[PDB]
Amino acid sequence: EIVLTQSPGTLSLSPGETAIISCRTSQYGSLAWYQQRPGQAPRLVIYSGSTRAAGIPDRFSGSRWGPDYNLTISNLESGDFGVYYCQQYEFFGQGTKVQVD
Amino acid sequence: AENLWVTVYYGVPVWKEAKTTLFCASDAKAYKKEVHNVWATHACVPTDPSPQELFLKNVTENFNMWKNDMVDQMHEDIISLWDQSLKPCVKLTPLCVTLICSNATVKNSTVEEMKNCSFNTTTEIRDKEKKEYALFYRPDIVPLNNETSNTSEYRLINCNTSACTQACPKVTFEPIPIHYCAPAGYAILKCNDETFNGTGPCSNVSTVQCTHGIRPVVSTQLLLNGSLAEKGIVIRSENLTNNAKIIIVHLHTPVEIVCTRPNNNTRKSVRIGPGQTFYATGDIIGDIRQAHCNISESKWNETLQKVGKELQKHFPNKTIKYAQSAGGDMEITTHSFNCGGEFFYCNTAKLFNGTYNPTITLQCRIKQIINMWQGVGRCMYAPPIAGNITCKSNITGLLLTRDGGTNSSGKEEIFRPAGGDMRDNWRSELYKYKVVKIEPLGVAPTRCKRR
Amino acid sequence: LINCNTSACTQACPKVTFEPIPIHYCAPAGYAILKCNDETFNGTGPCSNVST
Amino acid sequence: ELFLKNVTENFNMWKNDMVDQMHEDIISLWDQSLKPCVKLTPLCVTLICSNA
Amino acid sequence: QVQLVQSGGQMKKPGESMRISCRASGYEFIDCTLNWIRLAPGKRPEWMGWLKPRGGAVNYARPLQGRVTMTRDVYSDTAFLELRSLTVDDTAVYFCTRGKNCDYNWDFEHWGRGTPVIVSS
Amino acid sequence: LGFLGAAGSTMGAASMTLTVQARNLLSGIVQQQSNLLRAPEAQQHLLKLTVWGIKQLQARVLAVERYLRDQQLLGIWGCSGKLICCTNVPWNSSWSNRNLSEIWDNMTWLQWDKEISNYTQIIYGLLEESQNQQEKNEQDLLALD
Amino acid sequence: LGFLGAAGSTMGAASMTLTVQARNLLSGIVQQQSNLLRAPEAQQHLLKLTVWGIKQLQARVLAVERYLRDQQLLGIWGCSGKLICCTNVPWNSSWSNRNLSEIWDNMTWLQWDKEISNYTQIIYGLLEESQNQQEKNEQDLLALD
Amino acid sequence: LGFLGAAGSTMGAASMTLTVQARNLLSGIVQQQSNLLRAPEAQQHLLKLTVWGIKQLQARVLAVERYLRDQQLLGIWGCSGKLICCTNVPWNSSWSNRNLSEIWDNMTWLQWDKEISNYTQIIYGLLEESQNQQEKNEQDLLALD
Ligand SMILES: *[C@@H]1O[C@H](CO)[C@@H](O[C@@H]2O[C@H](CO)[C@@H](O[C@@H]3O[C@H](CO[C@H]4O[C@H](CO[C@H]5O[C@H](CO)[C@@H](O)[C@H](O)[C@@H]5O)[C@@H](O)[C@H](O[C@H]5O[C@H](CO)[C@@H](O)[C@H](O)[C@@H]5O)[C@@H]4O)[C@@H](O)[C@H](O[C@H]4O[C@H](CO)[C@@H](O)[C@H](O)[C@@H]4O)[C@@H]3O)[C@H](O)[C@H]2NC(C)=O)[C@H](O)[C@H]1NC(C)=O
Ligand SMILES: *[C@@H]1O[C@H](CO)[C@@H](O[C@@H]2O[C@H](CO)[C@@H](O[C@@H]3O[C@H](CO[C@H]4O[C@H](CO[C@H]5O[C@H](CO)[C@@H](O)[C@H](O)[C@@H]5O)[C@@H](O)[C@H](O[C@H]5O[C@H](CO)[C@@H](O)[C@H](O)[C@@H]5O)[C@@H]4O)[C@@H](O)[C@H](O)[C@@H]3O)[C@H](O)[C@H]2NC(C)=O)[C@H](O)[C@H]1NC(C)=O
Ligand SMILES: *[C@@H]1O[C@H](CO)[C@@H](O[C@@H]2O[C@H](CO)[C@@H](O[C@@H]3O[C@H](CO)[C@@H](O)[C@H](O)[C@@H]3O)[C@H](O)[C@H]2NC(C)=O)[C@H](O)[C@H]1NC(C)=O
Ligand SMILES: *[C@@H]1O[C@H](CO)[C@@H](O[C@@H]2O[C@H](CO)[C@@H](O[C@@H]3O[C@H](CO)[C@@H](O)[C@H](O)[C@@H]3O)[C@H](O)[C@H]2NC(C)=O)[C@H](O)[C@H]1NC(C)=O
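Residue numbers (the working numbering), protein chains in the order written: chain A, 28 to 128; chain B, 532 to 982; chain C, 1284 to 1335; chain D, 1094 to 1145; chain E, 5 to 125; chain F, 540 to 684; chain G, 540 to 684; chain H, 540 to 684.
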């Protein structure tokens, strides 16, 4: 019973590199992302599709063009890779994650 | 361009929105005898004897029911007036003592809710005490299955929150209308056009010097005595997918609803101080029956199908199903309802058992230690009324919540009834009437020369 | 005491005096006061000798 | 003060409002005098007297 | 600045009831919403409920209708969650959270410490 | 009713009905002695302290402030009373350059006043310069010899 | 004192003393900085909440409301400041046709405007259209070419 | 800032900057909608009874009283709006006789009007009778035939 999805599923890249994540496809909503799991409860990273959240590094910024909705993640670190989530209204994704090294 | 055209025209029409307080206006004929404070307080001002309006050509303006602020102004003002009404004439209560009750046996049969209860108070002389019949209504006692309530004896429900205040016996409570006239430098704009979704431009616009009367009767999940819609059925709700937000549905046609407190009753006075008079029911007479309400099945069923078919417009192929109350406290789940000073809580399960695609009856219970409004303080204690009480009203709208969870195409959609924020009682009618200021210093370059 | 089936009597402040110290009245701008100097006035009807 | 020539006016004492105005005001000021500095009285207990 | 406190995780057996509590301090409870979120590794997060302490509206998620219950207590300033007939499916971690402001409820600025729940047999 | 009866009409039509705003910006229907209402009956309880008392006084004095401030801003330019005035100052280079035809033929003030708001201070400064020039010239004219 | 020392005199005499009411129409002996009384000594208890404080503010604001409303009704006809004004409009057919001699010779104004009260609005309308004609003529003269 | 930017300067310099007081004498930075401040955020508790509510109402109404009274004293002499005015009566014999040179060459107003303060009522009476002569002559001109 799912309408929301995101791509790409699993990504492999070294620490410090840059990658691109996107959420799909057409369902309306106030889009958002939640940070990778550090081990405790996660934190926010962005509001309203393109508004970087308070108290967050400047490595995060998204873009929205109707159905097209993408996010770039720059300068990854071993302290920031993990299981992160895409929010549309109430549902969530499929299980996206990024592994370091 | 001769002189390059600098000049000024006095006045000019132009306006911008602005936060600002509003003003009272109520029919000042009958309530000169309510010297103690009440909603449409006698002072206020007498109403305009000649309300006026005009239709404005080609005016394009966008209303917005959720963004405006005057509703919050009222939510503060009416609460403050309530407190100022129960600030004087109120006898703080040295109640909540060791006490005992037992089964009523008015007739040989046992009554349903009352229990004939002894009560040791303070006599006029502070040294002495005496026993009298007194207050018992089952929702307002801390229970136990033993020969007493509570761990033992009993106490009134208030006495670990705050001191309940006695309501003034002489102050009536009846919801007559009130009007609002902004002061000079301000005016009111009215969206006459129909089929309005609560936002976006409204074309048929008229300017009205003073807002029409509104009865701010408090209630939950059943709008009552509200002005009927213009035509058919509408859904004035700020965005449907936002299930957190509440959904308001408004009816063009009315439906009769009647409720009755059938039992005869009489109050007996009790003294609790030098000049402080307590009140509670003294005795009960005649046939015993619970408080209830009556409603016609056919009209209710018709209204629910009309609401269902109209709200289905906002979805392509989905179907709907109603359900009983969500849960939690009696205040929100049951149908909060007021007439004459006595209060009714009514279970609403029977009214929402239907589905989409002759005289129903309701169970109800009385409550008298009311944790009204915020639930944080200012707890009041109404006095019971003599004789029988019957009251009727025109149901006008309902509050709906969209639940949530995971959904799929071809699945069923479920709504539930809920009350909650009392602001959503007054947002129903006062969606009209934006407040606005005019800035009478328009300018534009035009040719001229002084001399 | 006689008071305790009517209302709670209030103590009078010992520091507050009580005397019939006089008071004048006077009106704000836009208003004025008129006075009938004439005598033998029955409480109604025209008064001739009038001063402001 | 000034005397006004030829002024004709009908004084009427019982109709005028200002007497009621002050009848309300003095009572309100009385209350505002005995609202503060006042000790609410928990008197009226058992007492017993006799010839002085 | 604001913080949310929890009593920690409690492990239990399949097929039974359980309770868990949370509280908030500062930014007064009586005005603004709350919500519960489920975190199961190897499975997606699933929103549970949203409670208005002002008047007690509850909007229990349909997939767990009935066996999940919740309430509040204004004076103590707490939030009780209840559920009945737990299974291994509810192997997860639980949180009490709030939105930034009191007009949106889908972008949660403040999260509790987290509280695991495991049942195996 | 002021502009509330003729707000949206043509550019020229607005000038013909500027006058009835004098009643509509001082009295108010309900605050005080108006064109429909007078003092209230139960004024003994209005003069005594009340929740709505402060509201009434606030509304009255706010209306007074509203009228007086703009009336002074109009008066200092020597335009007092004259519902249509005129100044001895040209218009600045920027903002400028919009044709007069549509502005009076069909346009209405509702769509015109927005874009001049941020530049509105500049007109006050230029009018102030005009009044300065006018008063010095008046003083010199007084100097007969 | 104004007409409190000159009310009942002749019409010609009345016009000769129309000025001093300006002090008598705004000042007030007791409410504020009058011609006889300054601020009171025990103002610490004046500023703190008191019944007579509300009385003071009520009286002041009512006087201000009154003066502003009258001066506005006078100003809109172009008569601001001028204690004697003049309008470019005739008088209607009814109510008229009274001989002028008694009105100026020995008449006193206390009995004059009793019968003019019900028709008083009509004079305001006539003066209003007078001002409308005057301002459009001013605009036409302003239109040099 | 009004005179607060150019108070102690020369006599002639003061006349050139009289205009920015109109904003300064009515607005107030903090009482109301100023040139820097608007209505407060938590106005629900400003409207409800509070000490500083009485303070703000008192201050605002006192400012209105002040401006209206001085404008009216200036208005009655026919000098409304005109920042520089002129009256139809020469100066009395006593006090008189001080040379003009120092006063405009180097004096500033601070030390000037202290001696004129006790005689100011005389100037008011002289301007008053001047206005009386002017209005009767206006009536005579009005008497065409
Ligand atoms: C929604 O809209 C509908 C439609 O408008 C509206 O319907 C009306 O609702 C009311 C109830 O809210 C219906 O019932 C009325 O109830 C009256 C009973 O109250 C009496 O007692 C009050 C207190 O005094 C008692 O106690 C003192 C001291 O102990 C004692 O001396 C007295 O004798 C009395 O026992 C009293 O306030 C009240 O009304 C008086 O005072 C008010 C306020 O000053 C004044 O406005 C009234 O005119 C009256 O003077 C009353 O005395 C009931 O009496 C009343 O009228 C019936 O009885 C009187 C007297 O017997 C008859 O003359 C009359 O013809 C009636 O038979 C009235 O019935 C009311 O009936 C509904 N309207 C209709 C048309 O049915 C709803 O309220 C709105 N709101 C909701 C939530 O639905
Ligand atoms: C209330 O409920 C709403 C759902 O009922 C909910 O959902 C949506 O929220 C967004 C807010 O971000 C609203 O805003 C936008 O609405 C447009 C309307 O479509 C028309 O206009 C677009 C113009 O959009 C351009 O600019 C945006 C950035 O602003 C770009 O992303 C976009 O790509 C464009 O560059 C126009 O393109 C549309 O054209 C169609 O064809 C083009 C070309 O193929 C497609 O690119 C496009 O996607 C579309 O297929 C069309 O003419 C919407 O299209 C935008 O995507 C964006 O959604 C929505 O209006 C709103 N939904 C509705 C139905 O109103 C709200 O969030 C909710 N609000 C609150 C406060 O709770
Ligand atoms: C004092 O205030 C309390 C708070 O409103 C009054 O109600 C009591 O509230 C508590 C809150 O937890 C109730 O607790 C019970 O907990 C058990 C735990 O198993 C649960 O099964 C019950 O359903 C309930 O939640 C308590 O029952 C409730 N009532 C009483 C009598 O304590 C309380 O009535 C006030 N008065 C007194 C004398 O406590
Ligand atoms: C309680 O309040 C009452 C009321 O003012 C106080 O005075 C009592 O008033 C009643 C009114 O009827 C008096 O009744 C007596 O009735 C008989 C009937 O035969 C008549 O002959 C008497 O002349 C008188 O009218 C009563 O005497 C009077 N006093 C008392 C002590 O009851 C009363 O004092 C207050 N205090 C108490 C403790 O009652």
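C-beta atoms are modelled at their ideal positions from N, C-alpha and C, and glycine is treated no differently.
Distance, residue j Cα to residue i Cα
{"i": "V125/A", "j": "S734/B", "result": "53 Å"}
{"i": "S635/F", "j": "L607/F", "result": "31 Å"}
{"i": "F554/B", "j": "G757/B", "result": "22 Å"}
{"i": "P629/F", "j": "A559/B", "result": "57 Å"}
{"i": "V537/B", "j": "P976/B", "result": "5 Å"}
{"i": "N1103/D", "j": "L754/B", "result": "59 Å"}
{"i": "residue 1055/B", "j": "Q572/H", "result": "With chain B running from 532 to 982 in the structure shown, residue 1055/B is simply not present."}
{"i": "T879/B", "j": "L587/B", "result": "45 Å"}
{"i": "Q62/A", "j": "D952/B", "result": "34 Å"}
{"i": "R637/F", "j": "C618/G", "result": "37 Å"}
{"i": "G872/B", "j": "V838/B", "result": "33 Å"}
{"i": "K852/B", "j": "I778/B", "result": "15 Å"}
{"i": "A811/B", "j": "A913/B", "result": "9 Å"}
{"i": "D93/E", "j": "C50/A", "result": "27 Å"}
Beta-ladder partner(s) of residue i, from DSSP
{"i": "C1296/C", "result": "Answer by DSSP bridge pairing: none, since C1296/C is not bridged."}
{"i": "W616/H", "result": "In DSSP, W616/H forms no bridge with anything."}
{"i": "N796/B", "result": "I815/B"}
{"i": "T890/B", "result": "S827/B"}
{"i": "residue 3/E", "result": "What the structure shows of chain E is the stretch from 5 to 125, and residue 3/E is not part of that stretch, so it cannot be assessed."}
{"i": "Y717/B", "result": "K968/B"}
{"i": "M911/B", "result": "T696/B, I901/B"}
Cut-off 8 Å between Cβ atoms - residues of its own chain near residue i, not counting five sequence neighbours on either side
{"i": "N631/F", "result": "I661, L665"}
{"i": "residue 473/B", "result": "Examination of residue 473/B is not possible in this model, given that chain B is present from 532 through 982 alone."}
Close-in-space but distant-in-sequence residues of the same chain around residue i (CB under 6 Å, 5 per side omitted)
{"i": "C575/B", "result": "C555, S557"}
{"i": "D81/E", "result": "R27, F33"}
{"i": "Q615/B", "result": "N568"}
Other residues of its chain near residue i: CB distance less than 7 Å, five sequence neighbours each side excluded
{"i": "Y658/G", "result": "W634"}
{"i": "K968/B", "result": "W546, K547, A549, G716, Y717"}
Three CB pairs or more closer than 8 Å across the segment 1128-1137 of chain D and the segment 6-13 of chain E
Between the segment 1128-1137 of chain D and the segment 6-13 of chain E there are fewer than three inter-stretch CB-CB distances shorter than 8 Å, so the stretches are not counted as touching.
Quick check: the segment 770-784 of chain B against the segment 1297-1314 of chain C, are there 3 or more CB pairs under 8 Å?
Between the segment 770-784 of chain B and the segment 1297-1314 of chain C there are fewer than three C-beta pairs closer than 8 Å, too few to call the two in contact.
Quick check: the segment 710-730 of chain B against the segment 594-607 of chain F, are there 3 or more CB pairs under 8 Å?
Contact holds: three or more Cβ-Cβ distances are below 8 Å.
Could you tell me which whole beta strand (DSSP E) segments of length 3 or greater appear in the segment 581-629 of chain B?
Listed in chain order, the complete beta strand (DSSP E) runs (minimum 3 residues) inside the segment 581-629 of chain B are 584-586.
Which whole runs of the beta strand (DSSP E) in the segment 69-102 of chain A are 3 residues long or more, in chain order?
Entirely contained in the segment 69-102 of chain A, the beta strand (DSSP E) runs reaching 3 residues are, in chain order, 71-74, 87-92, 95-100.
Assess, as a yes-or-no matter, whether the segment 586-601 of chain G is touched by the segment 640-654 of chain G under the definition of 3 or more beta carbon pairs within less than 8 Å.
Taking a cut-off of 8 Å for Cβ pairs, the segment 640-654 of chain G and the segment 586-601 of chain G do not touch, as fewer than three such pairs fall below it.
If we count Cβ pairs, one from each stretch, closer than 8 Å, do we get three or more for the segment 541-548 of chain F versus the segment 57-67 of chain E?
Two segments are said to touch when three or more pairs of C-beta atoms, one from each, lie closer than 8 Å; by this definition the segment 541-548 of chain F does not touch the segment 57-67 of chain E.
Kindly confirm or deny that the segment 588-608 of chain B and the segment 552-567 of chain F touch, where touching means at least three C-beta pairs closer than 8 Å.
These segments do not touch.
Decide if the segment 62-78 of chain E is in contact with the segment 1113-1120 of chain D; the criterion is three or more beta carbon pairs, one per stretch, under 8 Å apart.
They do not touch, by the three-pair rule.
What ranges does the alpha helix (DSSP H) occupy inside the segment 544-588 of chain F, keeping only unbroken runs of at least 4 residues that lie completely in it?
Whole alpha helix (DSSP H) segments, 4+ residues: 550-554, 560-563, 582-586.
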